[PDB]
4 protein chains.
Amino acid sequence: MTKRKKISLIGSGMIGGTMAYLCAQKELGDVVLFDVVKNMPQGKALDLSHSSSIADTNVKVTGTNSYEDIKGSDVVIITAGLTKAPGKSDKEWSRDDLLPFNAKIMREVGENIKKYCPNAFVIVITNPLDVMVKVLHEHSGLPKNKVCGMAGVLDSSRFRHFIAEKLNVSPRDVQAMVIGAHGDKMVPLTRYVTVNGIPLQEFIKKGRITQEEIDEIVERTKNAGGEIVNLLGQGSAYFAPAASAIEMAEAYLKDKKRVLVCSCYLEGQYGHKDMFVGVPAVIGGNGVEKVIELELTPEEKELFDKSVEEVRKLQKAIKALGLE
Amino acid sequence: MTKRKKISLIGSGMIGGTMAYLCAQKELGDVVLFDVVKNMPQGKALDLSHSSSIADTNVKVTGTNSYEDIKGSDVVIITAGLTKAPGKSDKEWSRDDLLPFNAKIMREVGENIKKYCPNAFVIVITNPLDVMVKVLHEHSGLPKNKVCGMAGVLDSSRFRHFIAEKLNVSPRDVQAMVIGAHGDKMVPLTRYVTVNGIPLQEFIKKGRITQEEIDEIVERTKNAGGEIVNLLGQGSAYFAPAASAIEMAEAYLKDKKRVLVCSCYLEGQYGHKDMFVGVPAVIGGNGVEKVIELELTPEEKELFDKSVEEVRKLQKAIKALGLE
Amino acid sequence: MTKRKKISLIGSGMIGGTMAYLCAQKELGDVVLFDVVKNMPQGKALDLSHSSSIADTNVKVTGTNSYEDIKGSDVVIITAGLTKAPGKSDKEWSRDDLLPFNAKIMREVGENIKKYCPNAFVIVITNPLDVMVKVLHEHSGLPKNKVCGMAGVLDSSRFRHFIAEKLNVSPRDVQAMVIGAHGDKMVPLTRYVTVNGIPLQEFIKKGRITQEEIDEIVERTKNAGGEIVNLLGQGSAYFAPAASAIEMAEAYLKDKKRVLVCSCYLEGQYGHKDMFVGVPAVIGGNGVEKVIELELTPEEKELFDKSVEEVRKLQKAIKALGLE
Amino acid sequence: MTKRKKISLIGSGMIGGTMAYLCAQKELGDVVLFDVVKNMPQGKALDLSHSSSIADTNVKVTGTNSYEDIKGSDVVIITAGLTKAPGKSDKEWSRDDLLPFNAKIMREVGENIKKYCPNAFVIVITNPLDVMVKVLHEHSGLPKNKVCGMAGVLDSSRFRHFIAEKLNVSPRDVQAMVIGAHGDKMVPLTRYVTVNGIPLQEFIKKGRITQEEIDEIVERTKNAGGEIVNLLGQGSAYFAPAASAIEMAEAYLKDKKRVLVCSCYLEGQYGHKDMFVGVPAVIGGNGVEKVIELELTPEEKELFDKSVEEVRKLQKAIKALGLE
Ligand SMILES: NC(=O)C1=CN([C@@H]2O[C@H](COP(=O)(O)OP(=O)(O)OC[C@H]3O[C@@H](n4cnc5c(N)ncnc54)[C@H](O)[C@@H]3O)[C@@H](O)[C@H]2O)C=CC1
Ligand SMILES: NC(=O)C1=CN([C@@H]2O[C@H](COP(=O)(O)OP(=O)(O)OC[C@H]3O[C@@H](n4cnc5c(N)ncnc54)[C@H](O)[C@@H]3O)[C@@H](O)[C@H]2O)C=CC1
Ligand SMILES: NC(=O)c1ccc[n+]([C@@H]2O[C@H](COP(=O)([O-])OP(=O)(O)OC[C@H]3O[C@@H](n4cnc5c(N)ncnc54)[C@H](O)[C@@H]3O)[C@@H](O)[C@H]2O)c1
Ligand SMILES: NC(=O)c1ccc[n+]([C@@H]2O[C@H](COP(=O)([O-])OP(=O)(O)OC[C@H]3O[C@@H](n4cnc5c(N)ncnc54)[C@H](O)[C@@H]3O)[C@@H](O)[C@H]2O)c1
């Protein structure tokens, strides 16, 4: 009587397929790979189905161009949209140039979620992340706690990796957060970086790392997306983005109460409301179950507010289109 | 001081990166992504490094364009090559058309394995699989038991998947083997298909599956690679090929004594010698530890011989190109 | 909101605690450890809770002496009862001697399952297995397909282990089944043993194993439980029994459609009905979804019938106790 | 040529067996279960071998009464000892009471490690922990960095569990350390407790947890071992101790560079030397690679010094017994 969890991946591109692969490997549930491109998602679904046999896991992987197949989905993860705006080089790529392109897609997707799986937990990945999640939320009519954006987990995992590498410790034992908008005004929280709860400052004071190296890592974290785009030559990152979204999905599916930075609907926290922005949150069976309001210093609070200001800017541009 | 296992991936494209992802997820050991394309492997290595942080695993992922970095690898997995021959068409995709382009790449890679990592266990993926592994082996100087080709695990995973699908059981509990050349004359062994050891014939007698349905599944298995190419539009399968090769690498790294079908150097088994072709084998810490010689019926033996003949015919082309 | 799966373990002894540990490690769901012994399950639940933190899993483990706490359990696994009959030596240890003691306990548990979690999938472990599961089913009023006994997965795992050990191959690649009653008259199906679908017979001919060795392995499988008892000195096996029951529980919870040998309610299969006996079955979200009827030879069929008669002998003793 | 890792467990009791189970589930390497009791480890090894087949893992489990079988071990984990001093009661259970019984055992074990596997990484569990590891180290001749005691990971996991429970978040996201002696004077470092790097102090201010609740948890953490002893009625904890020890073993075997609190040989850190005591350490392929010196406050430093003093006093008892 109790069926497997159902996870619909709206967008079967690099990140879409990669998330499906994680689902197959982890046996998270049945997977629906949706895309507007004909044949391709069916192709990937076949490949993934074969991969599940190798993994000795029990997972149906379905490729589709029909929104009807997302019916009854427990989780929906959205990557539909463009990665690199047309006519832009590698060394000038920006998430903000995509807004006119991707906003209309979020409406169509939101509308379809509304009628096929209105009780799904929905994770948005499409850029510009923080406004795309807002557009999705509006047109889907979903509860504020059942929709969020993936960015913070990815930005934070990068911050963690860079710190872990410099200190030569397991990234499991580094805690680091990046809050705010997903972009150049993201706010890596150096003051909150710990090694198993030990303040990063203790490693400074002990000369395991210098403040200047920390400053460089902060900058590298902010630019990490572009760094990868430049090195690859084609497209952008997808391994860590896929893993990031699936960590959020697992938190929901198994009611884990993970503390993860996600793009969450604010209802007054940090003195802001009516937008999604990167904040630490408790993720569980009820979606975004809690937004944690950090005791930011005035300096930190100003960086966050400037970050939120960027989102506000894009939001008007969205308003000057016609997507409620 | 016992270091982590070191796995070098020669070729950092679709399958290479995907394999590196599994290594990160599974914490198999440190990964070197080698490619001739500048910067791209470094870019992917960054993305994969970030994903390892998310996975809470402890894995070093290095992107490189220098064969020196493969020194002392425990396992080397080779994907270097073209996926589709230049100037060809989708429905006309053939593994054989890659022979003249990929043959010389196998010579180059072999020469470099010879000098930098002669003690590695080497898994070849590059198509056309069975002759590519021969070129690699010949030019690398490695022992016969330390080189093999990934094909049988993938072909068998497909055969298993389709059987499991039709019978509606877990693929874990379906045993199916495909032997011979990795191409149109591969031999799906219907007589050897079992469900937890229960012969497929019992399911036929009990009317759970028909001979006609089995026949369709046999042909579908043969055409699976091309089916995916036609659907994907760009490139060929990579999720299952990646998983297959890593299953083989795991068998070596942890001396598992897995029974896997791989392209192995024959020394009289099945009445054939001095070529690589798909056969059931025991894989462990000594590489291809044992080729299993199945009690084939005359009909099966003839199918196998015709399969081997295709490898011999491809070999004539290798010889005529002057690639040994 | 969707809650985590809930698994109630009725009996918190060795097997009970061990299953709880697997649950914590695998994050299968929240665990309730029930026992009539005061304080002990609370103590184990604390210990296990700490182990879940170490494992980075998200699992509540609750020890209890009250049946109310099994409310809403998705799976119930029952180990309540004695392991050894009082006034019996190890060399005379017999599962049959546990009957009058454990029969009455199965009645109580079934009554409590009826009122507290009538929709659970129930796995009985308590000996004498095949008749204990019938008692439990009778007094629980549960559907025939939602109750079964763990025995065949354990007996088969032993058969597999001993075969794999002799052939020196991965137990993953050995398929072996033991059907019939869980006792001296269990039936290890030598004819159905395969190595990745390859009949064991081929390895006899190829000289990797002899019929004499196989015969001795059959005997060792039958005696495996008593062999461990004699070696241990106190109680009986628990690591493999726990793992066997959890494998069954996982098949249900994730609707895997695994082919596992379990003690299942027969309704005409093999020419028998209205008793539980070990047979191959497909386990999924609807419990015992299908009982597979093997094409046993007359000789095999006679061994199985003899096995079934042993269950009937025990059953008649149950009738004596005046418990319907 | 490259063999599986080899892990020897000196002591095949509750914790020994449980650790072997984890090795089997995780496929960490082959396992030797050593004990002075005849037949018992052989019995457990069989049970565990069967469970490996169920897990589809590839692990040899060997029971023995001969030290010769621990030769070539990569890791050795020692649980040889009594759990409760004879003549004593549960409520008055004290690890210190075990000293005169287990000290001579550590000498015996140490002597045998000296001659059979001097190159192993050795983890001691036997109580009283901090002085038992010292006796073992003294009589084994091993390097200072290749020997340590399991305590801090367990104490910390308990601290973590209790904090995570109260705040209703995943224990993955709670960082908490307990340093010092493994006993009543252990030091749960409240100041260093974080939720993904967020200081616990913020949660106090935001009214998510009270100082009173924290004080209770600190006491509960100190008393946790005795709490379980009282509840179980027999023996002491084993699920979490086994897991803690395996976490340490994994960190070594795969060179993970984990930050874990372990009883480590001090050489001037914190102002102390030549004793083992619980401190944060980096564990990797070189064993105890680094002892981290925390910037303790003067109050915290006093607690730690008082904790170290307890070890010194236990050490006085060792010398008085005639065990150096
Ligand atoms: N069953 C099987 O055996 C399968 C085989 N394949 C084969 O695997 C190969 C790779 O497939 P994908 O990873 O999808 O292709 P891909 O095109 O994504 O990656 C191939 C990579 O090899 C690199 N390369 C080219 N020359 C090289 C050299 N001399 N040394 C090192 N690297 C070099 C390229 O720069 C490219 O990044 C193809 O030959 C394909 O036919 C693919 C799927 C299944
Ligand atoms: N946090 C910690 O450090 C913890 C420490 N412990 C300690 O771990 C030790 C073992 O606990 P359990 O496994 O539960 O006890 P157990 O009584 O179940 O097993 C102890 C085993 O050691 C064996 N043994 C005795 N003398 C020996 C010798 N000379 N050589 C080899 N083996 C010998 C016994 O035969 C017995 O099987 C105890 O000393 C206990 O106090 C237990 C829990 C947590
Ligand atoms: N931190 C982050 O949030 C993060 C990280 C990486 C990428 N991204 C973003 O995620 C998105 C996906 O990236 P990718 O690498 O998978 O790109 P991709 O080009 O590989 O995938 C996009 C897919 O969406 C499909 N698509 C386009 N319009 C659609 C519609 N109306 N309905 C359904 N599908 C449609 C395309 O056919 C394509 O397959 C991009 O917008 C990218 O900017 C975000
Ligand atoms: N193949 C198999 O099916 C298989 C394998 C191993 C053991 N077993 C059987 O499984 C059972 C459990 O074995 P074990 O090693 O866990 O024994 P154990 O003695 O360690 O555990 C039995 C537990 O059941 C409890 N109990 C007794 N009456 C109860 C009641 N009315 N309600 C709740 N709990 C009650 C006891 O207090 C004890 O904690 C035994 O009957 C044994 O014969 C079966």
Side-chain angles (χ1 to χ4, degrees), chain A residues 12 17 33 37-54 61-63, chain B residues 13-15 18 79 81-91 93-103 124-133 149-163 165-166 176-190 213-245 261 263 277-278 303 306-307 309-311 313-314 317:
Chain A
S12 304
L33 271 168
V37 173
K38 308 286 180 184
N39 299 321
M40 182 270 286
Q42 289 84 358
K44 291 188 178 182
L46 271 172
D47 193 14
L48 291 163
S49 294
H50 302 151
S51 78
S52 76
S53 286
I54 295 157
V61 188
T62 311
Chain B
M14 292 309 312
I15 298 174
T18 303
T79 56
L82 310 181
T83 50
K84 304 177 95 169
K88 296 293 186 181
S89 226
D90 280 343
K91 262 57 176 180
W93 178 77
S94 168
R95 301 181 181 82
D96 297 353
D97 289 350
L98 302 168
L99 184 151
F101 310 98
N102 290 350
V124 175
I125 297 173
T126 307
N127 268 318
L129 188 276
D130 306 278
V131 292
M132 289 308 92
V133 62
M150 188 291 292
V153 172
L154 172 64
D155 292 332
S156 300
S157 75
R158 290 159 171 177
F159 198 17
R160 287 170 61 209
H161 164 65
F162 293 128
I163 293 290
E165 207 191 21
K166 193 71 227 68
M177 287 185 284
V178 180
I179 63 170
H182 185 53
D184 277 8
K185 308 305 190 186
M186 65 179 66
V187 190
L189 294 173
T190 52
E213 280 173 335
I214 289 164
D215 290 339
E216 301 302 344
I217 286 171
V218 167
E219 297 306 297
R220 185 108 188 264
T221 299
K222 290 172 183 171
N223 291 321
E227 183 182 15
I228 288 164
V229 166
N230 289 337
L231 291 174
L232 290 177
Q234 173 62 203
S236 39
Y238 54 101
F239 292 115
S244 297
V261 183
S263 195
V277 63
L303 290 171
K306 291 279 166 287
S307 202
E309 175 64 12
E310 295 299 331
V311 183
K313 288 197 283 201
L314 283 174

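Throughout, protein chains are lettered first and strands after them, A, B, ... in sequence-line order, and every chain is numbered starting at 1. Only heavy atoms go into these numbers, but all of them, side chains included; no hydrogens, no water, no symmetry mates.
- Proximity of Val61(A) to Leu33(A): side-chain heavy atoms (C-beta onward) are separated by under 4.5 Å at one or more points.
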Run the numbers on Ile15(B) and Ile125(B) for side chain to side chain contact (heavy atoms under 4.5 Å, CB included), then give the verdict. CA-CA 9 Å; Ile15(B) 298 174; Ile125(B) 297 173; 3.9 Å; yes
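- From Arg158(B), atom CZ reaches atom OG of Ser244(B) across 8.0 Å, with rounding to the nearest 0.5 Å.
- Residues meeting the salt bridge (charged side-chain N to carboxylate O under 4.0 Å, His left out) test with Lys166(B), sequence neighbours left out: none.
- Few gaps surround CG on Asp96(B); more than 12 heavy atoms of other groups in view lie less than 6.0 Å from it.
- Interatomic distance, CG of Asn223(B) versus CE of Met186(B), reported as 8.5 Å (0.5 Å rounding).
- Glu309(B) has no carboxylate O lying under 4.0 Å from a charged side-chain N of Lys306(B), or vice versa, which leaves the two without a salt bridge.
- A distance of 8.0 Å separates OG in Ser89(B) from NZ in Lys84(B), rounded to the nearest 0.5 Å.
- Among all heavy-atom pairs drawn from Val229(B) and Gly235(B), the shortest one is CG2-O, 3.8 Å.
- Qualifying side-chain contact (heavy atoms from CB on, under 4.5 Å) partners for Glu216(B), counting only residues two or more places apart in sequence or in other chains: none.
- With hydrogens and angles disregarded, no donor-acceptor distance shorter than 3.5 Å links the side chain of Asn102(B) to the backbone of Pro128(B).
- Evaluation of the salt bridge (charged side-chain N to carboxylate O under 4.0 Å, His left out) rule for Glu219(B) yields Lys222(B) as partners, not counting sequence neighbours.
- Inter-residue side-chain proximity for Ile228(B) and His50(A) is flagged as met; some heavy-atom pair is nearer than 4.5 Å.
- The side-chain heavy atoms of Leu99(B) and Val131(B), taken from C-beta on, include a pair separated by under 4.5 Å.
- Evaluation of the ring pair (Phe, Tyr, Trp, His ring centres under 6.0 Å) test over residues 213-232 of chain B, restricted to residues two or more places apart or in two chains, returns none.
- Taking CZ of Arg95(B) as the reference point, atom CG of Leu129(B) lies at 8.5 Å (rounded to 0.5 Å).
- Residue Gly180(B) comes nearest to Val277(B) through the heavy atom pair C-CG2, 3.4 Å, listed as atom of the first residue, atom of the second, then distance.
- Residue pairs meeting the ring pair (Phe, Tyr, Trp, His ring centres under 6.0 Å) criterion with at least one member in residues 213-233 of chain B: none, sequence neighbours excluded.
- In terms of the side-chain hydrogen bond (donor to acceptor under 3.5 Å, both in side chains) criterion, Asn127(B) has no residue partners (sequence neighbours excluded).
- Separation of atoms CG (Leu98(B)) and CE (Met132(B)) is listed at 8.5 Å; rounding is to 0.5 Å.
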Under 3.5 Å, sequence neighbours excluded: what are the donor-acceptor pairs made by side chains of residues 40-47 of chain A?
| residue | atom | partner | partner atom | Å |
| --- | --- | --- | --- | --- |
| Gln42(A) | OE1 | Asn39(A) | N | 3.2 |
| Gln42(A) | NE2 | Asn65(A) | OD1 | 3.2 |
| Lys44(A) | NZ | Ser12(A) | O | 2.6 |
| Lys44(A) | NZ | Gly13(A) | O | 2.9 |
| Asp47(A) | OD1 | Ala240(B) | N | 3.0 |
| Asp47(A) | OD2 | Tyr238(B) | N | 2.9 |
| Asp47(A) | OD2 | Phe239(B) | N | 2.8 |

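- Counting only distance, with no hydrogens or angles, the side chain of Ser51(A) and the backbone of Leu48(A) share a donor-acceptor pair below 3.5 Å.
- Annotation: salt bridge (charged side-chain N to carboxylate O under 4.0 Å, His left out) contacts involving residues 226-245 of chain B, sequence neighbours excluded, comprise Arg220(B)-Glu227(B).
- Residues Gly149(B) and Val133(B) come closest through the heavy atom pair N-CG2, 3.8 Å.
- Of the possible polar contacts, none joining the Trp93(B) side chain to the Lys88(B) backbone as a donor-acceptor pair under 3.5 Å is found.
- Applying the side-chain contact (heavy atoms from CB on, under 4.5 Å) rule to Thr62(A) yields no partners; only residues at least two apart in sequence or on another chain are considered.
- For the pair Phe162(B) and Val218(B), the minimum side-chain heavy-atom distance is 4.5 Å or more.
- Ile163(B) contributes atom CD1, which lies 11.5 Å from atom OG of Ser156(B) (distance to the nearest 0.5 angstrom).
- With sequence neighbours left out, the salt bridge (charged side-chain N to carboxylate O under 4.0 Å, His left out) criterion links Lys38(A) to no other residue.
- Checked against side-chain hydrogen bond (donor to acceptor under 3.5 Å, both in side chains), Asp215(B) has the following partners two or more places apart in sequence or in another chain: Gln211(B).
- The two atoms that bring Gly233(B) and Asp90(B) nearest to each other are O-OD1, 3.7 Å, heavy atoms only.
- The side-chain contact (heavy atoms from CB on, under 4.5 Å) search around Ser307(B) returns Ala181(B), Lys185(B), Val187(B), not counting sequence neighbours.
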